[PDB]
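Numbered according to the UniProt record's numbering, the sequence shown spans residues 3 to 118, 124 to 356.
Idealized CB from N, CA, C, for every residue including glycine.
Scroll down for the structure; my scribbles are underneath it.
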Amino acid sequence: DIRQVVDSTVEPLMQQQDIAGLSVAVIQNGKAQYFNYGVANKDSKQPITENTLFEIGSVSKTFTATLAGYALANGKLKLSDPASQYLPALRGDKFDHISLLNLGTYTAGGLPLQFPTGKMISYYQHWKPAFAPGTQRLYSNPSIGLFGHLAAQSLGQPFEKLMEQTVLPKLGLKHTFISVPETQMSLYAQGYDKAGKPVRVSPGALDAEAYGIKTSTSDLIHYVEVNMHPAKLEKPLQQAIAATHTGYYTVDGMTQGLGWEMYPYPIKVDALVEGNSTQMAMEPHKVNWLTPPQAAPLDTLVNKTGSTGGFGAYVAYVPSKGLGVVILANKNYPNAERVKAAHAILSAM
């Protein structure tokens, strides 16, 4: 049944892309299944399992967004608030008329894909917007980076503390980390670059917010499951998850939430791949706001891509169907291949 379709999509994928290790998790009706291939380390030949820890890159962005949503559920913040409101050092002009919403949906006005502490603050102070806030989407790590920081500020605690001592335990995730603890170190997969060379993500400002989470398929498919079915979560988390799956604007058939991107389901794999493409990340796109932001409706696909130097993560699920797939690899292989494989598995389910 499922095990054979997953095997016949991932094995050829892994051979084609020369991936050392791949774990896949699917969920249906609250029930998870794990399909594990290859090795976490090419030297040790440590096998991949659903407890293997991977870097998930920009999928971290959904965790950041849930953190911000938890701050809003607890009255610490409004999405319309100006960013300067939460950081004195940014007061003076610019960030007085850029909203938190703007920062979180990448519409702050031209913040770049990546950074060229307070020296990152200084980056922001010297930054010259290319466009009016709210007019164009430009995928940017510093934008969601500051979104998370500010959301942490509002709650009077540092990002890392909030995430690990508050937000993740309350999601039931005990194998999701910003910093991989010493006892779990051996579970941390080795990442390999385009050439097969080992590499782990390198620290950076507000990395924790943008691309700094690592987790296993077991914890990430659970994350996916409570994002689909939040009714057992405490109320502020429920409200938070509603906030992240709210659509605030459209950009080419894709409707933007907080961290999560959303599409009609079903969708052609071709429509799904072009929505996750290289230029839909690197090119600026004008945005049709939703004058009344739209609560999550049925027949929607939720997905997220995320990459590091040596890792390739992808998440896709359709909440109204209760269907979710997670694929974690210790290779940054192309996005198109990730959605193709996810799409196949979801269909078969």
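Beta-carbon contacts of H350 that lie in its chain and below 7 Å, excluding the five residues immediately before and after: Here residue 350 corresponds to residue number 343 of the sequence shown, with the count starting at 1. Closer than 7 Å at the Cβ level, and outside the excluded window around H350, lie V276, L279.
Residue nearest to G260 in terms of C-alpha spacing, selected from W296, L169, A27, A355: The sequence position of residue 260 within the sequence shown is 253, counting from 1. Among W296, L169, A27, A355, the Cα nearest to that of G260 is on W296.
Bridge partners for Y199 per DSSP, in chain order? Walking along the sequence shown from the start, residue 199 turns up at place 192. Answer is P205, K338.
Can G319 and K293 be called in contact, C-beta distance under 8 Å? Working through the sequence shown from its first residue, we reach residue 319 at position 312. Working through the sequence shown from its first residue, we reach residue 293 at position 286. Against a cut-off of 8 Å, the Cβ pair of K293 and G319 comes out as no contact.
Span separating the alpha-carbon of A85 from that of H133: Residue mapping note: residue 85 aligns to position 83 of the sequence shown, counting from 1. Residue mapping note: residue 133 aligns to position 126 of the sequence shown, counting from 1. If I take the Cα positions, the gap works out to 15 Å.
Counting beta carbon pairs with one atom in the region 266-276 and one in the region 155-166, are three or more of them shorter than 8 Å? no
I want to know whether the region 171-181 touches the region 226-235 - three or more CB-CB distances under 8 Å. yes
Cut-off 8 Å between Cβ atoms - residues of its own chain near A91, not counting five sequence neighbours on either side: Your numbering for residue 91 matches position 89 in the sequence shown. The answer, listed in chain order, is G125, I128, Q132.
Cβ pair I58, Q35 closer than 8 Å: As a working mapping, residue 58 is identified with position 56 in the sequence shown. As a working mapping, residue 35 is identified with position 33 in the sequence shown. Taking 8 Å as the Cβ cut-off, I58 and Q35 do not qualify as a contacting pair.
Report the three-state DSSP secondary structure of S86 (helix, strand or coil). Sequence index remark: in the sequence shown, residue 86 carries index 84 (1-based). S86 falls in the helix class under three-state DSSP.
CB-CB under 7 Å to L89, same chain, minus the five flanking residues each way: which ones, in chain order? Walking along the sequence shown from the start, residue 89 turns up at place 87. Once the five neighbours on either side are set aside, the close Cβ partners of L89 are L157, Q160.
Report the partner residues of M261 according to the DSSP bridge assignment. Your numbering for residue 261 matches position 254 in the sequence shown. DSSP lists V258 as partners of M261.
Exposed unless 16 or more other CB atoms sit within 10 angstroms - verdict on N43: Here residue 43 corresponds to residue number 41 of the sequence shown, with the count starting at 1. That one is buried.
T253 beta carbon less than 8 Å from that of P300: Indexing the sequence shown from 1 puts residue 300 at position 293. Indexing the sequence shown from 1 puts residue 253 at position 246. In this structure, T253 lies closer than 8 Å to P300 by Cβ.
Near residue 399, which residues of its chain fall below 6 Å by C-beta distance, leaving aside the five closest residues on each side in sequence? Missing from the structure shown is residue 399; the chain here goes from 3 to 356 and no further.
Is the region 316-336 touching the region 19-35 in the sense that three or more CB pairs, one from each, lie closer than 8 Å? yes
Using 8 Å as the Cβ pair cut-off and three pairs as the minimum, do the region 193-201 and the region 213-220 touch? no
Between which two residues does the beta strand (DSSP E) harbouring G106 extend? Sequence index remark: in the sequence shown, residue 106 carries index 104 (1-based). From DSSP, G106 is part of no beta strand (DSSP E) but of the alpha helix (DSSP H) over 102-106.
Taking the alpha-carbon positions, what's the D200 to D98 distance? Within the sequence shown, numbered from 1, the residue matching residue 200 stands at position 193. Within the sequence shown, numbered from 1, the residue matching residue 98 stands at position 96. C-alpha separation (whole angstroms): 41 Å.
Return the residue from the list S60, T183, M269 that minimises the CA-CA distance to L115. As a first step, residue 115 is located in the sequence shown; it is residue number 113 there, counting from the start. Per the Cα distances, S60.
Which stretch, first to last residue, makes up the beta strand (DSSP E) that contains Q30? Taking the sequence shown and counting its residues from 1, one reaches residue 30 at position 28. It spans 23-30 - the beta strand (DSSP E) in which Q30 sits, taken as one unbroken run.
If you follow the alpha helix (DSSP H) that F154 is in, where does it begin and where does it stop? As a first step, residue 154 is located in the sequence shown; it is residue number 147 there, counting from the start. Looking at the DSSP string, the run of the alpha helix (DSSP H) that includes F154 is 148-160.
Can you find the residues in the same chain that come closer than 6 Å, C-beta to C-beta, to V258, ignoring five residues on each side of it along the sequence? Within the sequence shown, the letter at position 251 stands for residue 258. Correct list, in chain order: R144, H292, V294.
Among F154, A303, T173, which one has its Cα closest to the Cα of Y272? Mapped onto the sequence shown, residue 272 falls at position 265. Selected option, being the one with the closest Cα: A303.
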